[PDB]
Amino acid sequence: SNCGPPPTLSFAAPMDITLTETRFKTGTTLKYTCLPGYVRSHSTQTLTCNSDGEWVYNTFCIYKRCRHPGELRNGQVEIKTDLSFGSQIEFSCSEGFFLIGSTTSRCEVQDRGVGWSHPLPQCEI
């Protein structure tokens, strides 16, 4: 009827490092918060121990998303999927130019939010 320790979530971590007593009264609720790279997407950020001794919860975080990094002078910035945490964009140079720098960049954790892994390259010559 009671719960063991909660599953680790890929998108959130429990508030308050408590001794995490290996067992929990049925009906206990634990408070979570979104991991870096993630934003809140539901009102209830909890796991609760149900009557069957199991932790229950929904996916209450979604990916953060990066600012569009702007235009590439004499080039093109190609969105491949979106600008969400984990996604990659591609860079290319117009016919008369050489790309100097990276051909890709990736939305990653930066500061307390999210940002581009690589700086825009240059299109030159």
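Position 1 is the first residue in the sequence shown; the rest follow in order.
Peer 1: Which wins on mean Cα temperature factor, 37-45 or 50-58?
Peer 2: So the stretch with the higher mean C-alpha B-factor is 50-58.
Peer 1: Mean CA temperature factor from the deposited coordinates, higher in 93-101 or in 61-69?
Peer 2: In the deposited entry, the stretch with the higher C-alpha B-factor mean is 93-101.
Peer 1: Lowest, middle or highest third: which one holds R23 when the chain's residues are ordered by CA B-factor from the entry?
Peer 2: Highest third of the chain for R23's C-alpha B-factor.
Peer 1: Ordered by C-alpha B-factor within the chain, which third holds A13? Give me lowest, middle or highest, please.
Peer 2: Middle third by C-alpha B-factor.
Peer 1: Can you tell me which third, lowest, middle or highest, the CA B-factor of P7 falls into for its chain?
Peer 2: As the PDB entry reports it, the C-alpha B-factor of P7 lands in the lowest third of its chain.
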